[PDB]
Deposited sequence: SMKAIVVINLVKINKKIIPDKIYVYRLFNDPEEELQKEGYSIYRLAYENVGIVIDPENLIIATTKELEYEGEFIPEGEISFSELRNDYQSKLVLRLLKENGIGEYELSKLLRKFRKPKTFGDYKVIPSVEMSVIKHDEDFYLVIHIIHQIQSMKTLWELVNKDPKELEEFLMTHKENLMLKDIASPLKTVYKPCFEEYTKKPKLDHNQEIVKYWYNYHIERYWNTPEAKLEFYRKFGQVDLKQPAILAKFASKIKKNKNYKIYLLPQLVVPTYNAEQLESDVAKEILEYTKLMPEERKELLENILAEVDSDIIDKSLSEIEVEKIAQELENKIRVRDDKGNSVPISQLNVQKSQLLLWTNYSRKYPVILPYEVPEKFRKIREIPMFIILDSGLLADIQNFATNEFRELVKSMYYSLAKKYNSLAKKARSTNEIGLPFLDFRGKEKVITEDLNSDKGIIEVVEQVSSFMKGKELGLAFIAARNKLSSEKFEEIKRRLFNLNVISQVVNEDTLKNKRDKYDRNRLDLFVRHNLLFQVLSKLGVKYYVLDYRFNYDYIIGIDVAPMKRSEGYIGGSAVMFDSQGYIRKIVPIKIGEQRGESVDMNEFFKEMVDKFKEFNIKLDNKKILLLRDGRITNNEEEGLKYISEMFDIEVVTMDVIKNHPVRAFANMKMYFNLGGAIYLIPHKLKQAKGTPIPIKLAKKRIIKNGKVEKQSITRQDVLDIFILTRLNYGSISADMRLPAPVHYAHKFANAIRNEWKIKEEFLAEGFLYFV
């Protein structure tokens, strides 16, 4: 509707930081060499570096003469300035120490949350801005070995249940180097060796190398103790950036990037907009340099009309058409609300009976149990426009008894629904495992935890779940069944909107390189497909093959893309190779492809909690919605380098207000997922989710996927 001024985490840099003369050169590493000489790598392949100092290098090299700051592509200008700021004592090391002067490390259990700042340079107009973004690392104060209780048959479990985000820091080394545990590719089995000789070499390697003094050794042993030969050696690779190193759980500690991911920790890593603003001002005021401004830059944003808030509507059996944003004699009943869909998959026309399962976590008080079972019973009735299983969902014996009991009632059946009520104790893996195991049996499931059950009750009926919550549960289940329970008063100027994502995983006669999720111009999800490919030749996926298989797979599912216009989006920056693949697919099928980067991981932050969007550095930042309940700062979705590809040809475009509106609507298609955090247009979001489901051994019912069933969500 209207404009506004908000503060962002940028601080203008002084032009005077720009170097007098710049030296180019053609050819520790190439990046080190540059950094060592106060310069940067202009060209990775042809090893060309730009230096602000006479290049010192005792090897070969060819001087390519001086160049001026105005001749570098923007990116390089920004990288070069970032590097120069460091020379002035303004780098991630320095300012992170300042941050910790105001936001100190806090420990929770055996874990320590460490605040620090992530810094980059964005060139906006003709100026350069230093982006300072507060982030947190979560390091264990206990060693991996100590964590698993020196039990090997417990260590492997750990590497497995935490495979996705687990990293290991070698606290036994002066450089505190971080590593990534290696796994039996396409498996969750970690690469291990109980070979006592390996464990001895490397354990002895640390000492002879970094602690070769009587006292350095004494501390070492006081600190870590004698080698525990019963421990297996963990094969892993550098986290920076092929090599492969050995780590001893006795000398490493798990480490994680908080943003990349308990409870008391989150209330500490989540910061309100004013807390972030304050902390950067504390840092800035402590910065004794005039090479950068003393205060945060403000920018003019475009607020988003509350009208676009109501383009998604639901309806009942009568003629009530209210948008997604939520006395009468009947309000006394526990009956759920009535949602009359606009479209129901044709698969439901034949299906006979549909088994219903109330799966109750035996560890929930009786009342909570009855509450849940009574709530599910009402949820199912509305579902229609029964077996009760009770087990300790928090033990490998129960989940198995549950699955075992379900498969018993599911043989001969095409579809089943499971309503699970579990404590909050359950790990994500356990929830994921119950849902995946149960889907192997054609059972779609909806989990509801104790939290919602206790704190989301209705003020007029404490024996009934919150009416807001009730509608969202209904939406989630319905969406897992491909039901078009809503209508969108909007039309996309595209034939189809497609979200893809690459995540190579070998599977039973498969080899799947990624996934694609298709939405039609009405904003409905119509097809979800896996992208099967050949065994990777070179160290890089053949996108041409990838995207062709995309076109072919959709045909298999009843959708020809040839001679069609589509908005293809992916989870992240669009790589050159993916572009080629898109040019490839463009010509071969005469497909008009409109694409752009859709970044969710950038450091730019606007210290205001409201729906808005603005232009910064040639990109567009958008906040799809405001945080309504939970504490924290909104994370904008970054859009950039848009382009249209017709007849194998790429033509750079500019992101228009209409473009931003399309992303906005696509982002609000979160399908009643309580706790809105969808920071990606539904197409890319679900694309990402499916790639995961495949990598997690989820059954691929092509029958459901062809109708848009979000069963893996």
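Missing from the model, by position in the deposited sequence, are residues 28-39, 254-258, 279-282, 348-355, 415-443.
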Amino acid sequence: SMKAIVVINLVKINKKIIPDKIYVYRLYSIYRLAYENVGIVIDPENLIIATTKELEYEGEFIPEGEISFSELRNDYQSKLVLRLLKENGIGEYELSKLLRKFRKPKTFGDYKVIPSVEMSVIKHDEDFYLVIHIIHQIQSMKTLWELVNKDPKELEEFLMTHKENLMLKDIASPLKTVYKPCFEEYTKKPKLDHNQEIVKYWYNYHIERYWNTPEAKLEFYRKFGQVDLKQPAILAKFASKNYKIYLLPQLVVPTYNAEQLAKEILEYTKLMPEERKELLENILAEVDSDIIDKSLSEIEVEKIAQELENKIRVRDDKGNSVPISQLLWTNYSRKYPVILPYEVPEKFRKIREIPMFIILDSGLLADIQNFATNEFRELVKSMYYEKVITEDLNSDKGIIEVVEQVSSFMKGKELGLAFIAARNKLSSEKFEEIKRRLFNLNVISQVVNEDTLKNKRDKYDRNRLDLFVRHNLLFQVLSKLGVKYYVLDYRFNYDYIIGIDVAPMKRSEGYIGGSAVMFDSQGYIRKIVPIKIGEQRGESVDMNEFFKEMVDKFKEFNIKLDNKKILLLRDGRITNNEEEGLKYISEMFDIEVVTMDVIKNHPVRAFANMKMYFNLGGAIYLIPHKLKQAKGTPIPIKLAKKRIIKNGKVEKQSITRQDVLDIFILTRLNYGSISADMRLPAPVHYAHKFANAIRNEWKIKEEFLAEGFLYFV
From here on, numbers count along this sequence of modelled residues.
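Relative to its counterpart among 129-137 and 186-194, 186-194 has the higher mean temperature factor, C-alpha atoms as listed in the PDB entry. Between 444-452 and 244-252, it is 244-252 that carries the larger average Cα temperature factor according to the deposited entry. Considering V684, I665, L27, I645 together, the PDB entry gives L27 the largest C-alpha B factor. In the deposited coordinates, the residue among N558, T330, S408, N165 with the greatest CA B-factor is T330.
Ranked by Cα temperature factor within the chain, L680 sits in the middle third according to the deposited record. The deposited CA B-factor of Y23 belongs to the highest third of values across its chain. The entry lists a Cα temperature factor for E391 that places it in the lowest third of the chain's modelled residues. Among the modelled residues of its chain, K53 has a C-alpha B-factor that falls in the middle third according to the deposited record.
In the PDB entry, a CA B factor belonging to the highest third of its chain's modelled residues is recorded for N37.
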